[PDB]
Ligand SMILES: Nc1ncnc2c1ncn2[C@@H]1O[C@H](COP(=O)(O)OP(=O)(O)OP(=O)(O)O)[C@@H](O)[C@H]1O
Ligand SMILES: CC(C)C[C@H](N)C(=O)O
C-alpha cells in the first residue's frame, strides 16, 4: 500500500537537493578546458502546450533522460535542454472550440471526457479561470510553467535556463526566427508562388501536417475533370437556367480511356448542386466537390459556391449529354447505385469497355427491365450502347473489363468484393502494357500518352483540373480541409541541388535501424512545395510580407541552436520578457549579430553590446553543435525531422560538421496494452503517473516498454512490479549496513566468490554494451533483473557467508547502473554509503576481468540443481550421484564426428532425415540407434543457448571437483543427509552406459 508513497518521499527531496546545487546545469566557458570525453548533446522535440504532458510524451523523451544519465557517467558533459512549443494552431484551435462552447451554451455552460470545457474541468480548473483561456495568451501564461514543474518531479537532467516559449509573445526567439527566415529568402530557400496545397476554409489558410486532426501526410492530389454538355430536351427539372450552357462535371483518373464513354453515372438519392463558374456556365457535383472547385479558383468569387439549384440525381437520369472524346455522339445519364460520396464529384465517368464497375452496373439496366422502371429510363438510353475498344491489354483482350467480369462471374453492381479484385490486376496492367487503339494514337502505350490525352481535352475546352484531398482531412479546428490554389510562401523543398545535398545529410546522419533511414529515404524523394504562410494561429510573423505567420513545423527546425544560448539571453525565464543576464536588449540582436554567433567565419558587427558579451555565445554555440541526438515519436519522422535536415543543410551551407549527427525513431505508447485515448478510460499524464507510482518507478517501467520503432507497452501491472523489487532492494541494503559483523572478512576466494566476481564484472559489461546501443529494455534486463540474479544466487549458492568487500562492491556497482533509470533512489543510496558528493558526479564502474571458465562452470551447478529437484517429487533420505570421465562408447563415436558436419560445414549439419543416416550404419550403434538421435536432438538446442562448444569431447573444468565444492548447498536446500559422488563406471549397468559428462543421475 505504502509501497510507493515512501519512494516519493525521498524523491521530491532529492529533487530539491538536485536544484539547490544545480547539478545538471553546465556552462561552456567552464566545461571547455576540462574535455574529459567531449560534448554529448541530445534534444527532445519541444511539445505543443495544449496540455500538460502525458505518458506517451515521456516515453518518447525518456530515451534521452536515460541516455544523458548514462553518458555523464561514461565521461561526457551532458546538455539535454527542454523548450516548450506554442507556435501552432493546436493552442489556437483548442482555445476556440472552447470559446464557442461558451458563446453557444453560456458560462457556466449547458450541453444537450468529450467537450472542450469538459476537458479542462477534467483537470480541475475553476469555473472563473477556464474562461480565462478563450484568449490563447492565458494558455501560455499558464501551461509552460506547469510542464516544467512536471518534469521537476520526473528528475529530468535539464539546465533549465535554456528554456523558452516559441511564439512572438517572446522577443528573443522571435528575432532568432527572423534571422533564419531573412537567410532563407537570401539563400532562395523560400519563394512566393501560387501552388496546390491542402487547405482549411474555416482556418482561412494552408494546413500542412501539424495543423490537422486527420491524415497527417496527405498530398496536394490530382484529378481530370470532364465537361459534359447537358442537352435539349433539358430534363423537366432544369427549367430556370435558360440563360447558360449547363455542364455535367465528372472526375476521372484515367483520361486516356474517355473514348470508351457510353453513359453517365449518378446515385439518385445524392444531393447535387449547380453553380456559376466565372466562365458563366453551370456545373453539377457533390456539395463538397463543389466547394472544392471554389477554393481552386472556379467560382468568380474564390471560396464561395454560387449555388443555383439543389436537387437529387433522381430528377436527372435520362437527360441527353454530349460527351468529349467518344463516338457515342449522344450518351445519357444513368444510375450506378453505389457511388460513395467521399471521392469524386458524385458524377462518375462510365467506361464499360475498361472498368468493371461500369460494365457491371450497365449489365443490370440491360439485364432487368424493372430497373429502368424505378428511374424511367427509356430503352434507347441503356440497351444500344455496347463498349468501345480503346485500350488493348494483351492478356485480357480489347475490352479488359467485360472480358474479365464474365470470368469472375459478376452478377450485379453490388458483387463488391469480387468487383474490387477484378479491378486490381486490370487497372494497373492496362497502365503499362496498355496500348491505345483508336486513331491519333494507333497502338501507342498508355504510359506514353495519358498525359497528352488529357492535354488535348483541356486545350479544346472539354475539361480542366480538379484536385481533392486524397483521403479526408479534418483540421485542428474540426474543418474538412480541401485542396486549394493560393498565394502562399513556400519552402523549395524539392529544388534538386537542395535535395541532393541533404540526402548526404540523411546518409551521413546515423539512424538507429533501417526502417528509420527508410522513412526519410522516402520523404526526401516526394518533398516539394510545402507552404509555411499561415495568416491564422499563434506564431512569429514573416518579416517582408508581415501579414503572414509561420506554420508550426517550419519555425521549428534549427531552433536547437537556441538551446545553446537561451540560458544567457533568456536567463531561464520562459517568455524571455524579463531582463537578460547578458544585458542584450531584445531589440539589440540583429541579423548581423546572429550571423557572427552562428556562422564561424562571420565578421564582428557594429553592435550596441560590446565584444566581451558576444564572443561568449559563439563559444557556447560552436561548442555543443552539432546535435548528437533527437529522440522523437515515430510520427515526426516524415515531416518535422525531415525538415530538420533541409534547414540544417541550407542554413550552414558548408559547415558539414554542424549538421545533424544522430536521430532515433521510436513508436507510440501503449498504456496497459491499448491505444492511449482519453476517450476509453485508457490514458495517463505525467502529473498523473508520477503520483500513481514513484517517478523512479514510472521511470523504470518506461525503459522497460519498447526500444524498437514498434509501439512500446507501458504495463501498470509491471509499473507496480518495480516499486516492489526496488523497495525490497533498499531494505536489503539496510540489512547489510546493519550486519557488517556477519559478512566474512579477509580474502575473497571461495569458489562462488570467484564465480560471482567474474559474474558481476561480466554483467557490468553487457550493461555498458546494451546502454550504448540505447536498448534500454536490455540495459535494464542485464542491469537490474540479471544483476539481482547473481546477488540472489550468490546468497544461496554460498552457504559459506557472503563476503563483505564483495557485497559493498555489488551495492555500489548496481546503484551505479541504476543511476539513469532511477537517479532518486540511487542518490538516496549514495549519501547512505557515505559518499559526500552527488551521484551525477559518478563514473562508469569499469569491470574486473571475466573468468568465463568460471561462468561456464557455475552454469553447471545452477543448472542440474534445478534438475534433480524433478526426479525427487515422485518420492528418500540417502542419495547418490554419478558422472563420467570420458564419453561412453556409443556416444563417443556419435559425438566424435557429429563434429564431422560443422568443421567442414561452417554453419550447420543437414536436417534430421540424414541424422539416423549413416550412424545407424554404424558397426556400433545399430544397438541404440533409437536413442542416439533423441540424445542428439536436445543437445543442439543448447548450442545456441550455451555457445558452440557442446561438441568438444572434453569440458573445461573438472566435472567432479566442482561439485564436491557446493555439496552442502545441496545437502541443505535438498535436506538429504549424505550424497556420494561416483564416476559411474562403478555404477549400476543401466546408467553405466547411457549417462555422459554433463548428464548426471541419482539413486535414493
Ligand atoms: N505516445 C505518443 N503519441 C504521440 N506523440 C508522442 C508519444 N510519445 C512521445 N511523443 C512525442 O511527443 C512530442 C510532443 O511534441 P510535439 O508538439 O512536437 O508533437 P505532437 O504534436 O504532440 O504529436 P501528435 O499530434 O502526432 O500526437 C512529439 O515530439 C512526439 O515525438
Ligand atoms: C469509377 C471509374 C470506373 C471511372 C474512371 N475510369 C476512374 O477511374 O475514375
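Using Swiss-Prot numbers, chain A covers 7-118, 154-916, 933-1061, in order.
Placed from the backbone N, Cα and C atoms, the Cβ positions cover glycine too.
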Candidate set 68, 167, 519, residue annotated phosphoserine in Swiss-Prot: 167
Segment assigned the feature motif ''KMSKS' region' in Swiss-Prot (from 711-715, 716-720, 721-725): 716-720
Stated Swiss-Prot location of motif ''HIGH' region', expressed as one of 52-55, 56-59, 60-63: 60-63
Residues that sit under 8 angstroms from residue 720 (phosphoserine) by C-beta distance, when 6+ apart in the chain: 155
Top Cα neighbour of residue 1047 (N6-acetyllysine) in the set of binding-site residues 52, 54, 594, 597, 719: 719
Composition by DSSP (helix, strand, coil) of residues within the motif ''KMSKS' region' (716-720): 0 helix, 2 strand, 3 coil
Same-chain residues near the motif ''KMSKS' region' (716-720), Cβ under 8 Å, at least 6 residues beyond its ends: 60-62, 154-155, 160, 709-710
Proximal residue to residue 597 (L-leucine binding site) among recorded positions 167, 719, 970 (C-alpha distance): 719
Rounded inter-Cα distance in Å - residue 167 (phosphoserine), residue 970 (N6-acetyllysine): 77
Flanking Cα pair residue 916 / residue 933, between which 16 residues have no modelled coordinates, distance in Å: 6
Nearest of the binding-site residues (52, 54, 594, 719) to residue 970 (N6-acetyllysine) - Cα to Cα: 719
Candidates 52, 54, 594 (binding-site residues) - the one closest to residue 719 (ATP binding site) by CA: 54
